[PDB]
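One chain is shown next in structure tokens, namely the form deposited in one PDB entry.
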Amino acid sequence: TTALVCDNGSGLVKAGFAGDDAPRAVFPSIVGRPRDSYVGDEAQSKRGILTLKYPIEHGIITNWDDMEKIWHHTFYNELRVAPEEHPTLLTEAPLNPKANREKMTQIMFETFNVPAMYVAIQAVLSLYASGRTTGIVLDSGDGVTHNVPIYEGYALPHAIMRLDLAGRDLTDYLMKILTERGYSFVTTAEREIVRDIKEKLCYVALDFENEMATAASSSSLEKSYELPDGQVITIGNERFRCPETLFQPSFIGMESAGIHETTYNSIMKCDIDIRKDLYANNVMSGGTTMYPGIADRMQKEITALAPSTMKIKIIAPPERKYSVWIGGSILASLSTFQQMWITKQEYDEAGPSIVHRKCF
């Protein structure tokens, strides 16, 4: 039968069928229970009477009962499949604990009775989707941003870097600075509008201070945005101040290094034998890398940090919002991969620890 691919993130589930070019189901990774459980948009609609929780925090599954609900809902309600009929590829964060990976495996086989499964590293899937087995991935999602250097298909765990800021932070920051302008974006409905502004109108400046001067000197950078009630507002320097936070986390009160410095710092940790290959194969992935201008800015920033003679390249695939999912879709469809699934029989004999002998 067809394999399933489920890429569970902190903010969004991306799920579908291996061989498709995109996930069929993309929905909020949220479970609501009375203040008898509800998922995603149905939980958000009932937030007045439910306590909402996110079962994945910074990519890691932290609430297992709620994750079981997400997975059940995904199979039965979003995909409308019988999970016992389909091999299922799941994804994991960088540095996912062994015990976590084993528990995911056990749930798949014991709670959902899947015939087979696999767990792949999200960054490896994105690198693979880009046509590479060596490079360094910058994966910026809704909750977390990571740098994952990968050599000949293997993630280098000693050199993974984390930045505890991503898309939900940028949405909230945009609300804040738009409010400072004189608007009022404060309510949860107002958050949804601002996520839309963010995804439609924001961009990364090549030179932040130059761009500030331009925005303050003229209207050349302003855009209008029609609100749900029909009211038209103007977005100016907020277009690029919002994603500047990726490069300057101090904008939201964080002391952490920005994404250019985490990229550089990750590379430095890797064997000097492979540094030249990482610099020439920086691959962007995840929703929060979607800003226009981000590759150009990274290129400039890493150039400043690295030795002057280093060849540096930033690859930002058009389809990078879902490249984790797409890599999973391709991989699960390959003839060669079919020997790699962990089968129910194999799990029955070896137990959950079989999952660690994985090549993705």
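All residue numbers are counted from 1 along the displayed sequence. Throughout, rigid core stands for the largest set of C-alpha atoms superposing within 1.5 Å between the two forms. Only residues modelled in both forms are compared.
- Per the record, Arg35 and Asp36 are separated by 10 or more deposited residues that have no coordinates.
- Higher mean CA temperature factor, per the PDB entry, when comparing 209 to 217 with 226 to 234: 226 to 234.
- Ranked within its chain, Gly293 lands in the middle third, by CA B factor from the PDB record.
- In the deposited entry, the Cα temperature factor of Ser10 places it in the middle third of its chain's modelled residues.
- When the modelled residues of the chain are ordered by C-alpha B-factor, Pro317 sits in the highest third.
- When all modelled residues of the chain are sorted by CA temperature factor, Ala3 is found within the middle third.
- Among the modelled residues of its chain, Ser308 has a C-alpha B-factor that falls in the highest third, as given in the PDB entry.
The discussion below concerns the form deposited with a small molecule bound, not included here.
- With the partner removed from view, the residue among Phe112, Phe247, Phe75, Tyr128 that has a non-hydrogen atom within 4.5 Å of the small molecule in the deposited bound form turns out to be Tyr128.
- None of the heavy atoms of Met298 is located within 4.5 Å of the small molecule in the deposited bound form.
- Contact check for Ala350: no non-hydrogen atom falls within 4.5 Å of the small molecule in the deposited bound form.
- Remark: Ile49 does not count among the residues lining the small molecule in the deposited bound form, judged by a heavy atom distance of 4.5 Å or less.
- Taking the partner from elsewhere, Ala332 is found to have a heavy atom lying within 4.5 Å of the small molecule in the deposited bound form.
- Once the rigid core is used as the reference frame, the Cα position of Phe17 differs between the shown form and the other one by less than 2 Å.
- Taking the rigid core as fixed, one finds a CA shift for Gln345 smaller than 2 Å between the shown form and the other one.
- Shown in the overlay between the shown form and the other one, fitted on the rigid core, is a CA shift at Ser335 of 2 Å or greater.
- Listed in sequence order, the runs of at least 3 residues with C-alpha movement of 2 Å or more between the shown form and the other one, after fitting the core, amount to a single one: 335 to 337.
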